[PDB]
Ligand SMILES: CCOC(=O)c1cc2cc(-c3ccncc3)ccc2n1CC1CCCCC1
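The data below hold one chain only, encoded as structure tokens and taken in the form solved without the ligand.
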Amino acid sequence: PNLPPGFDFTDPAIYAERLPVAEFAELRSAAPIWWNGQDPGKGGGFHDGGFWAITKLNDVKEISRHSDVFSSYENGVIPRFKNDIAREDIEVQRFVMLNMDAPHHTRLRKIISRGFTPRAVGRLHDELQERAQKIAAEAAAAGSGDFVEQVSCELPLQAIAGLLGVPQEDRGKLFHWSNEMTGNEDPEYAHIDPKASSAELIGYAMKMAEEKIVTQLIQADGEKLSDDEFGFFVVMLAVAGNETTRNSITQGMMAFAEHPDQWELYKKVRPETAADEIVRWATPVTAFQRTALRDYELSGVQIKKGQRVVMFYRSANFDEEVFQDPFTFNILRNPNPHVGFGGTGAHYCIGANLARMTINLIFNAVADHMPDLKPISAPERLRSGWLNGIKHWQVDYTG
């Protein structure tokens, strides 16, 4: 493929500035499964010499479905940390369900699925809609500001707090820990320590279990989460369901500002198709990886036992063989078989309906209170090699 020597699709220096859209398009055309070599000390915490870049939607789905072959536990699923991270700090992530394999993952998922019943999520609709409306009214009344802080940030956090029934007076400390919990190497956040925030949030959650959906997870059906598993579950919601939904809201609004005919259509009919096109477009998790437990032949390439494969959701969601005109933002897109919530399989996002509900509620509120919003200056991207984040974006709410 026509790529620079040494190019690495997980390099945080690229994502601080842009998504490498042209370079993914070139792999899909010229080398859809391609070995991305990494030199010593430049592998983002891994020392194995590189990984297979997976760029096509069917391959991402095949890997996700074959979790008997493609492990989440062996190396975790995050494909890039700071280059000098200790291997013990990657391995400690194995205590969240995202980084486990069957049978351990199968037991936790079954218990945690108590939290994500359709009924549990739907119960949160009326409070999240009242919060959404108020957030948008507050932003309109401020006139201009940072849309990430004023519109995107609070409602995903209040969704987790309402799911967990956290008392009001404890939400400010909960939200502070949760916004320090996912790792990045951005200079704006160089003074955060996700390790203290993780310890502190696990201790808060364990005290909450001891005092008792929390009661349904920690009450024996004799199966239940232990008190420490409930802590690890609250840590996992902080990393899985906070910045991801926040970034789907910012990048959905960036797409509406760049495609004004789609925002006019959305304001009229608020279509059911919009939330999934916002997630496809935003692809807030750019990639997650697996490790092969045995040799496996994937679309003609011989993947070998122990090698990593990195699923680039950001490429697969723009796969020209699967989406008609994938570079067109189309809020009526149908069909829409995107992998923004992962490939279907054992670890498919358990929060997907809660995220869709959060997205729908906030965009309805923005349409109702700020229909003529316009950007003031360019979004500031986050320096991460796997999370596609926007730190700040200045907009004029009144237009």
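Residue indices: 1-based, along the sequence shown.
Below, we refer to the form deposited with the ligand bound, which is not included among the displayed structures.
- With the site C-alphas superposed, the ligand from its pose in the deposited complex keeps every atom more than 2.4 Å from the backbone and C-beta atoms of the shown form; the site is open.
- Interface residue remark: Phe175 is not counted as part of the site for the ligand in the deposited complex, having no heavy atom within 4.5 Å.
- Interface residue remark: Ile85 is counted as part of the site for the ligand in the deposited complex, having a heavy atom within 4.5 Å.
- Using a 4.5 angstroms threshold between heavy atoms, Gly145 stays clear of the ligand in the deposited complex.
- The shortest heavy atom separation between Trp386 and the ligand in the deposited complex is within 4.5 Å.
- Residue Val92 is the only one of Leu217, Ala137, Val92, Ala120 with a heavy atom lying within 4.5 Å of the ligand in the deposited complex.
- Among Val166, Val239, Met254, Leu225, the residue placing a heavy atom within 4.5 Å of the ligand in the deposited complex is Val239.
- With the partner left out here, the ligand still marks one of 291-299, 181-189, 254-262, 166-174 in the deposited complex; by a 4.5 Å heavy atom cut-off that stretch is 181-189.
- Not one of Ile14, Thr55 and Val310 places a heavy atom within 4.5 Å of the ligand in the deposited complex.
- Scanning 95-117 for heavy atoms within 4.5 Å of the ligand in the deposited complex gives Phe95, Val96, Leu98 in sequence order.
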